[PDB]
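File shown here: model13.cif, holding mmCIF, C-alpha atoms and all ligand atoms.
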data_model
#
loop_
_atom_site.label_atom_id
_atom_site.label_comp_id
_atom_site.auth_asym_id
_atom_site.auth_seq_id
_atom_site.Cartn_x
_atom_site.Cartn_y
_atom_site.Cartn_z
CA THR A 1 153.29 -61.34 4.45
CA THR A 2 153.24 -58.53 1.87
CA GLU A 3 156.31 -56.28 2.01
CA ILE A 4 155.06 -52.71 1.40
CA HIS A 5 157.33 -49.94 0.08
CA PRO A 6 157.53 -46.90 2.45
CA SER A 7 156.66 -44.49 -0.38
CA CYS A 8 153.18 -46.16 -0.53
CA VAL A 9 152.41 -45.22 3.12
CA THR A 10 151.70 -41.81 4.69
CA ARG A 11 151.31 -41.42 8.49
CA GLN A 12 148.72 -38.76 9.40
CA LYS A 13 147.74 -38.87 13.09
CA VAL A 14 148.87 -40.74 16.20
CA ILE A 15 146.05 -43.01 17.52
CA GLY A 16 147.93 -45.21 20.05
CA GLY A 17 156.86 -47.08 18.98
CA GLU A 18 153.46 -45.50 18.17
CA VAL A 19 150.33 -46.36 16.16
CA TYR A 20 149.17 -43.95 13.45
CA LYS A 21 146.15 -43.55 11.22
CA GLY A 22 147.40 -43.10 7.67
CA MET A 23 146.86 -43.86 3.99
CA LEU A 24 148.11 -46.73 1.78
CA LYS A 25 148.64 -46.15 -1.98
CA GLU A 26 144.36 -44.51 -1.36
CA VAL A 27 142.86 -46.51 1.54
CA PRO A 28 142.91 -45.63 5.29
CA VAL A 29 145.18 -47.89 7.37
CA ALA A 30 146.54 -48.19 10.89
CA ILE A 31 150.33 -48.18 11.15
CA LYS A 32 152.32 -49.54 14.09
CA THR A 33 156.05 -48.63 14.22
CA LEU A 34 159.09 -50.02 16.03
CA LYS A 35 161.72 -47.51 17.22
CA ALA A 36 165.51 -47.60 16.62
CA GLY A 37 167.66 -49.72 18.96
CA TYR A 38 165.02 -52.44 19.34
CA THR A 39 166.37 -55.73 20.68
CA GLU A 40 166.36 -59.10 18.98
CA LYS A 41 163.41 -60.17 21.20
CA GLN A 42 161.51 -56.95 20.34
CA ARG A 43 162.03 -57.63 16.61
CA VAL A 44 160.88 -61.23 16.86
CA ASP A 45 157.84 -60.14 18.91
CA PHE A 46 156.98 -57.26 16.56
CA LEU A 47 157.33 -59.16 13.30
CA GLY A 48 155.83 -62.14 15.15
CA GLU A 49 152.52 -60.27 15.58
CA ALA A 50 152.43 -59.59 11.83
CA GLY A 51 153.37 -63.20 11.09
CA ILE A 52 150.43 -64.44 13.21
CA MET A 53 148.03 -61.93 11.69
CA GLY A 54 149.14 -62.96 8.18
CA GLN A 55 148.12 -66.60 8.80
CA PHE A 56 144.50 -65.56 9.38
CA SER A 57 141.74 -64.70 6.93
CA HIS A 58 138.41 -64.09 8.70
CA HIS A 59 135.76 -61.36 8.77
CA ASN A 60 136.13 -60.95 12.55
CA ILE A 61 139.97 -60.84 12.71
CA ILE A 62 141.81 -57.63 11.88
CA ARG A 63 143.28 -57.79 8.37
CA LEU A 64 146.97 -57.31 7.78
CA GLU A 65 147.81 -55.19 4.71
CA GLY A 66 151.53 -55.87 5.06
CA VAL A 67 154.80 -54.93 6.73
CA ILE A 68 157.75 -52.66 6.20
CA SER A 69 160.71 -54.74 7.38
CA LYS A 70 163.42 -53.89 4.80
CA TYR A 71 163.44 -50.23 5.84
CA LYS A 72 163.55 -48.57 9.28
CA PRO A 73 161.51 -47.76 11.19
CA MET A 74 159.74 -51.08 10.71
CA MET A 75 155.95 -50.99 10.42
CA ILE A 76 152.88 -53.19 10.57
CA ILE A 77 150.06 -51.90 8.37
CA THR A 78 146.48 -53.05 8.98
CA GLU A 79 142.99 -52.11 7.96
CA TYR A 80 141.67 -49.00 9.71
CA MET A 81 138.70 -49.49 12.03
CA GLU A 82 136.69 -46.28 12.02
CA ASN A 83 135.13 -46.66 15.50
CA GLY A 84 138.30 -47.78 17.30
CA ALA A 85 138.46 -49.87 20.45
CA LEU A 86 135.21 -51.48 21.57
CA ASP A 87 135.53 -50.60 25.27
CA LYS A 88 135.94 -46.84 24.64
CA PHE A 89 133.34 -46.94 21.86
CA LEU A 90 130.68 -48.53 24.11
CA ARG A 91 131.37 -45.99 26.88
CA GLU A 92 131.02 -43.06 24.47
CA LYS A 93 127.84 -44.48 22.88
CA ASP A 94 126.05 -45.59 26.05
CA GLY A 95 122.46 -46.67 25.34
CA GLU A 96 122.68 -45.89 21.58
CA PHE A 97 122.25 -49.43 20.15
CA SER A 98 119.50 -52.05 20.05
CA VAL A 99 119.78 -55.29 21.98
CA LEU A 100 119.92 -57.06 18.63
CA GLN A 101 122.86 -54.90 17.56
CA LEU A 102 124.75 -55.67 20.81
CA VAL A 103 124.11 -59.40 20.39
CA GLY A 104 125.29 -59.22 16.76
CA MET A 105 128.54 -57.61 17.95
CA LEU A 106 129.04 -60.56 20.29
CA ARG A 107 128.31 -63.10 17.52
CA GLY A 108 131.06 -61.50 15.44
CA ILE A 109 133.56 -61.66 18.27
CA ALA A 110 132.61 -65.28 18.95
CA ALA A 111 133.02 -66.19 15.27
CA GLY A 112 136.51 -64.65 15.25
CA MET A 113 137.41 -66.49 18.42
CA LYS A 114 136.09 -69.82 17.08
CA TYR A 115 138.35 -69.35 14.06
CA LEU A 116 141.41 -68.55 16.22
CA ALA A 117 140.69 -71.54 18.50
CA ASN A 118 140.31 -73.88 15.54
CA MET A 119 143.54 -72.48 14.04
CA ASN A 120 145.22 -73.56 17.31
CA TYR A 121 145.68 -69.99 18.56
CA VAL A 122 145.04 -69.10 22.24
CA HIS A 123 144.62 -65.34 22.60
CA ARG A 124 145.18 -65.01 26.40
CA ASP A 125 144.13 -61.32 26.42
CA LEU A 126 140.57 -61.22 25.15
CA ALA A 127 138.81 -58.08 26.35
CA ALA A 128 136.79 -55.30 24.80
CA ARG A 129 139.93 -53.07 24.72
CA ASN A 130 141.46 -55.57 22.30
CA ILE A 131 138.45 -55.59 19.93
CA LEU A 132 138.09 -53.00 17.15
CA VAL A 133 134.88 -51.76 15.52
CA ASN A 134 134.30 -50.61 11.93
CA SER A 135 131.67 -48.39 10.34
CA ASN A 136 129.45 -51.48 9.70
CA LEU A 137 129.57 -52.21 13.48
CA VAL A 138 131.71 -55.24 12.71
CA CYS A 139 133.82 -56.28 15.68
CA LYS A 140 137.24 -57.78 15.01
CA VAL A 141 139.72 -59.37 17.35
CA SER A 142 143.07 -57.58 17.46
CA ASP A 143 146.18 -57.64 19.65
CA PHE A 144 148.25 -60.65 18.66
CA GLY A 145 151.21 -59.28 20.63
CA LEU A 146 153.59 -62.12 21.59
CA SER A 147 155.00 -60.91 24.92
CA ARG A 148 152.27 -60.76 27.56
CA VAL A 149 152.55 -61.36 31.31
CA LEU A 150 149.66 -61.73 33.79
CA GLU A 151 149.17 -58.67 36.05
CA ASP A 152 150.90 -59.10 39.45
CA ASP A 153 152.49 -62.43 38.39
CA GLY A 154 151.52 -55.92 28.03
CA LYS A 155 149.93 -56.95 31.33
CA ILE A 156 147.00 -59.37 31.06
CA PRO A 157 144.38 -58.25 33.63
CA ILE A 158 143.39 -60.71 36.35
CA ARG A 159 139.68 -59.88 36.20
CA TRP A 160 139.33 -60.98 32.54
CA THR A 161 141.30 -64.20 33.14
CA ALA A 162 140.05 -67.70 33.89
CA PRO A 163 140.81 -69.26 37.31
CA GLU A 164 143.06 -72.01 35.94
CA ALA A 165 145.11 -69.47 33.96
CA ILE A 166 145.70 -67.48 37.15
CA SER A 167 146.17 -70.40 39.52
CA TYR A 168 148.44 -72.64 37.40
CA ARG A 169 149.19 -70.78 34.15
CA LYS A 170 146.90 -72.96 32.01
CA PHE A 171 145.86 -70.79 29.07
CA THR A 172 143.66 -72.51 26.50
CA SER A 173 140.72 -71.78 24.26
CA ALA A 174 138.56 -72.65 27.33
CA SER A 175 140.24 -69.83 29.25
CA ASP A 176 139.51 -67.57 26.28
CA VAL A 177 135.83 -68.60 26.61
CA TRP A 178 135.87 -67.34 30.20
CA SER A 179 137.29 -64.05 28.91
CA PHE A 180 134.60 -63.99 26.22
CA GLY A 181 131.93 -64.21 28.92
CA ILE A 182 133.50 -61.08 30.50
CA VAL A 183 133.40 -59.40 27.05
CA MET A 184 129.69 -60.33 26.82
CA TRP A 185 129.16 -58.48 30.10
CA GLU A 186 131.24 -55.49 28.88
CA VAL A 187 129.10 -55.23 25.76
CA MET A 188 125.70 -55.66 27.46
CA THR A 189 126.64 -52.99 30.06
CA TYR A 190 128.12 -50.50 27.54
CA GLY A 191 131.66 -50.74 28.95
CA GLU A 192 131.14 -51.12 32.66
CA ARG A 193 134.32 -52.27 34.42
CA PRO A 194 133.95 -55.86 35.60
CA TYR A 195 133.71 -56.21 39.40
CA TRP A 196 133.84 -52.40 39.81
CA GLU A 197 136.26 -51.32 42.54
CA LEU A 198 136.98 -54.81 43.95
CA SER A 199 140.76 -55.43 44.18
CA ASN A 200 142.31 -58.27 42.20
CA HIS A 201 142.49 -60.38 45.40
CA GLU A 202 138.84 -59.62 46.21
CA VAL A 203 137.79 -60.69 42.69
CA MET A 204 139.74 -63.93 42.90
CA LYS A 205 138.34 -64.75 46.35
CA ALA A 206 134.80 -63.92 45.16
CA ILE A 207 135.14 -66.15 42.09
CA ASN A 208 136.57 -69.05 44.08
CA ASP A 209 133.68 -68.72 46.54
CA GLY A 210 131.18 -69.05 43.65
CA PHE A 211 130.19 -65.42 43.09
CA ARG A 212 129.78 -64.15 39.54
CA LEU A 213 129.03 -60.85 37.88
CA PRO A 214 125.34 -59.83 38.23
CA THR A 215 122.93 -59.42 35.34
CA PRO A 216 123.38 -56.27 33.19
CA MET A 217 120.36 -53.95 33.03
CA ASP A 218 117.86 -54.93 30.29
CA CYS A 219 119.84 -58.10 29.50
CA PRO A 220 118.13 -60.97 27.64
CA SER A 221 117.81 -64.01 29.85
CA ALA A 222 119.43 -66.20 27.18
CA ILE A 223 122.45 -63.88 27.01
CA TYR A 224 122.95 -63.84 30.78
CA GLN A 225 122.61 -67.66 30.90
CA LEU A 226 125.29 -67.96 28.19
CA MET A 227 127.81 -65.63 29.89
CA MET A 228 127.20 -67.54 33.15
CA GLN A 229 128.07 -70.83 31.45
CA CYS A 230 131.31 -69.26 30.18
CA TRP A 231 132.25 -68.72 33.84
CA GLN A 232 131.92 -72.37 34.98
CA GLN A 233 134.80 -73.21 37.33
CA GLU A 234 135.17 -76.55 35.48
CA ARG A 235 136.53 -75.93 31.92
CA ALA A 236 134.67 -78.97 30.54
CA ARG A 237 131.34 -77.38 31.51
CA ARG A 238 132.09 -74.19 29.55
CA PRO A 239 130.65 -73.90 26.04
CA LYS A 240 133.07 -74.06 23.13
CA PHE A 241 133.18 -71.10 20.76
CA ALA A 242 131.35 -73.41 18.33
CA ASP A 243 128.47 -73.62 20.84
CA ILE A 244 128.49 -69.85 21.49
CA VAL A 245 128.30 -68.98 17.77
CA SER A 246 125.49 -71.53 17.28
CA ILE A 247 123.44 -70.14 20.20
CA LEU A 248 123.95 -66.47 19.29
CA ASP A 249 123.00 -67.23 15.68
CA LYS A 250 119.77 -68.93 16.83
CA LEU A 251 118.90 -65.93 19.04
CA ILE A 252 119.57 -63.43 16.24
CA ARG A 253 117.50 -65.40 13.71
CA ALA A 254 114.57 -65.56 16.20
CA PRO A 255 115.03 -62.04 17.71
CA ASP A 256 111.82 -62.15 19.82
CA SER A 257 113.84 -64.63 21.96
CA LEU A 258 115.82 -61.59 23.19
CA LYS A 259 112.71 -59.80 24.60
CA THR A 260 112.71 -62.14 27.61
CA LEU A 261 114.88 -60.31 30.17
CA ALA A 262 116.84 -61.53 33.18
CA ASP A 263 115.68 -60.02 36.45
CA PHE A 264 117.85 -57.02 37.34
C1 LIG B 1 141.31 -46.53 15.88
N1 LIG B 1 141.24 -47.51 14.82
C2 LIG B 1 142.14 -48.49 14.66
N2 LIG B 1 142.03 -49.25 13.56
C3 LIG B 1 142.94 -50.21 13.41
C4 LIG B 1 143.96 -50.45 14.34
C5 LIG B 1 144.98 -51.43 14.24
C6 LIG B 1 145.95 -51.58 15.18
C7 LIG B 1 146.98 -52.62 15.06
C8 LIG B 1 146.85 -53.82 15.77
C9 LIG B 1 147.82 -54.79 15.63
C10 LIG B 1 148.92 -54.59 14.83
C11 LIG B 1 149.09 -53.41 14.15
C12 LIG B 1 148.11 -52.44 14.26
CL1 LIG B 1 148.38 -50.98 13.40
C13 LIG B 1 146.00 -50.67 16.35
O1 LIG B 1 146.87 -50.73 17.23
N3 LIG B 1 145.00 -49.69 16.42
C14 LIG B 1 145.07 -48.75 17.55
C15 LIG B 1 144.09 -49.04 18.66
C16 LIG B 1 144.22 -50.43 19.21
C17 LIG B 1 143.65 -50.56 20.60
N4 LIG B 1 143.55 -52.00 21.05
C18 LIG B 1 143.98 -49.57 15.46
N5 LIG B 1 143.08 -48.60 15.62
#

Here is a file; write its structure as structure tokens.
Ligand SMILES: CNc1ncc2cc(-c3ccccc3Cl)c(=O)n(CCCCN)c2n1
Amino acid sequence: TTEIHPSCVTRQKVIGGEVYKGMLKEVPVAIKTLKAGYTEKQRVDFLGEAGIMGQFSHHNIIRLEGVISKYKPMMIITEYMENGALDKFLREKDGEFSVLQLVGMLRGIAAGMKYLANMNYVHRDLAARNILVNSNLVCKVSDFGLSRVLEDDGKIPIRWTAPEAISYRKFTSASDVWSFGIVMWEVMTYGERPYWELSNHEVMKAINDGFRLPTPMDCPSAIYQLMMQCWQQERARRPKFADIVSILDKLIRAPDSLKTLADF
């Protein structure tokens, strides 16, 4: 990773230690800090996130500019994503995009996830809140935090998580595909919360009994079919990210295919 001198960085506004929007000398950056008195585990986890991010070079994965590790407070410096987190963005822009735009967002996310999977990285916490959006509507996977625990067992939420990951702690790229299907539903609904007010136990019971999320309004049939396949109980029946990228690319290149809507 690039070691950046603190004099080349100015923090301007808190946007999330803390996360700041700032400038790198100028280019806008996001800046995550670690506070004094951090433990050995905290340090390994913090610098670990940067270490992971530094091993990746892909359009749909947040870019690391560098780290401040020689000086305190320590910092991770990334590209700045002008539209922020995808979940909040969708909810504040409800109805404002074309179906083609929404599908193109999903293709980007899927391409990033295919790259992570092929680089032997299991995300475990894929959700729209962990995707960032730039001023070209490019969606990039973020959140490579090392220390994550499943809710009731950062907390990884049950209702984005595959059955096998919940039931026996088996997290793989196939569990990330399940999560991706939930992200598909988040995007096509402009940030609706999956399963609404069902409790975690009600969601798990529903899933195990064969229920799945219903079609979004105005959702292309092909898109609903794809998210449904991501939620197969049997991992081997789920598409790989390779398959998802291939299918989304075909739909985008023949965009009339998206005019055929699933019954709402
Ligand atoms: C608002 N635009 C914006 N742009 C870029 C980033 C980058 C980071 C980040 C991520 C990992 C390591 C280090 C960093 Cl700095 C970050 O935490 N936020 C805050 C929101 C994240 C929500 N999920 C970002 N926000």

Q: Please identify the residues whose atoms come within 10 Å of ligand LIG 1 (chain B), using all atoms listed in the file, and report them as a ChimeraX atom specification.
A: /A:14-16,18-22,28-33,46-47,49-50,53,62-67,75-89,127-134,140-145

Q) Could you tell me, as a PyMOL selection string, which residues have any atom at most 6 Å from (155.0, -56.0, 5.2), counting only C-alpha atoms? A) chain A and resi 1-4+66-68

Q.
Quick check, in Å to one decimal: how far apart do CA of residue 105 in chain A and CA of residue 60 in chain A lie?
A.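 Distance between the two atoms: 9.9 Å.
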
(Q) Just checking: using all atoms listed in the file, which residue out of A:257, A:189, A:233, A:161 ends up closest to residue 216 in chain A? (A)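 Checking each of A:257, A:189, A:233, A:161 against residue 216 in chain A, counting all atoms listed in the file, the winner is A:189.
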
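Among the candidate residues A:138, A:6, A:114, A:101, the one lying nearest to residue 74 in chain A is A:6, with distances computed using all atoms listed in the file.
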
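Straight-line separation from CA of residue 214 in chain A to CA of residue 113 in chain A: 24.1 Å.
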
Q | residue 151 in chain A surroundings by all atoms listed in the file, 12 Å radius, close-in-sequence under 2 positions cut, as a count of residues only | A | 16

Q | Between CA of residue 175 in chain A and CA of residue 195 in chain A, distance in Å (one decimal) | A |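 The value is 18.2 Å.
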
Q) Between A:188, A:106, A:52, A:219, which one has atoms that come closest to residue 120 in chain A, using only C-alpha atoms? A)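 The closest residue to residue 120 in chain A is A:52.
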
Q. Residue 227 in chain A: which residues within 9 Å, counting all atoms listed in the file, same-chain residues fewer than 5 positions away excluded, as a ChimeraX atom specification?
A. /A:178,180-185,222

Export of the given selection (C-alpha atoms) as a PDB file, in the frame of the given file:
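And here's part.pdb as it stands now:
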ATOM      1  CA  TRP A 178     135.870 -67.340  30.200  1.00  0.00           C
ATOM      2  CA  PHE A 180     134.600 -63.990  26.220  1.00  0.00           C
ATOM      3  CA  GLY A 181     131.930 -64.210  28.920  1.00  0.00           C
ATOM      4  CA  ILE A 182     133.500 -61.080  30.500  1.00  0.00           C
ATOM      5  CA  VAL A 183     133.400 -59.400  27.050  1.00  0.00           C
ATOM      6  CA  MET A 184     129.690 -60.330  26.820  1.00  0.00           C
ATOM      7  CA  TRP A 185     129.160 -58.480  30.100  1.00  0.00           C
ATOM      8  CA  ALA A 222     119.430 -66.200  27.180  1.00  0.00           C
TER       9      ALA A 222
END

Q: Kindly indicate which residue among A:213, A:124, A:208, A:261 lies nearest to residue 196 in chain A, using only C-alpha atoms for the distances.
A: A:213

Q) Which is closest to residue 169 in chain A among A:235, A:255, A:187, A:150, if we use all atoms listed in the file? A)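 Ranked by minimum distance to residue 169 in chain A, first place goes to A:150.
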
(Q) Counting all atoms listed in the file, which residue out of A:230, A:223, A:248, A:236 sits closest to residue 262 in chain A? (A)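 Using all atoms listed in the file, residue 262 in chain A sits closest to A:223.
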
Q: Identify, on the basis of all atoms listed in the file, every residue whose closest approach to residue 239 in chain A does not exceed 7 Å; exclude the query and any residue fewer than 3 positions from it along the same chain; express the result as JSON, numbers by chain.
A: {"A": [229, 230, 243, 244]}
